[PDB]
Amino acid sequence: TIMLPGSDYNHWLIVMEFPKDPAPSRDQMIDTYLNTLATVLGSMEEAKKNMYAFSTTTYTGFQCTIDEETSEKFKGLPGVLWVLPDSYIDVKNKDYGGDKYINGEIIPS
């Protein structure tokens, strides 16, 4: 009955863990988010359309519009640490936070 604002189980936070020998660049992390999402959805086009936010600093993960059954497919994939229902960080603005991704366009938070 109780759920965080914005948590509708159609928005998902996928937190990844990256190597340290070497640590990947920011761009490599973003490419990894999209490649992982594309593996699950079936195309890079669909991955770019459904990744709406990400971070490479505060956290190293991405946020995407997928259903709950599709979110389960990320568990066990290389580098996937957490698969968690997303929630607003700014409730008034219905903002899920992170750097924004608009079908290929990166807008820093």
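Heads up: residue numbers just count along the shown sequence, starting at 1.
Practice problem: Averaging only over Cα atoms, indicate whether 39 to 47 or 79 to 87 has the higher B-factor in the PDB entry. | Solution: Result of the comparison: 39 to 47.
Quiz item: Do the CA atoms of 21 to 29 or those of 88 to 96 have the higher mean B-factor in the entry?
Solution: In the deposited entry, the stretch with the higher C-alpha B-factor mean is 88 to 96.
Exercise. Name the third of the chain's ranked CA B-factors that contains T56, choosing lowest, middle or highest.
Key: It belongs to the middle third of the chain when residues are ordered by C-alpha B-factor.
Quiz item: Among the modelled residues of its chain, does the C-alpha B-factor of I107 lie in the lowest, middle or highest third?
Solution: Middle third, going by the recorded CA B-factors of the chain.
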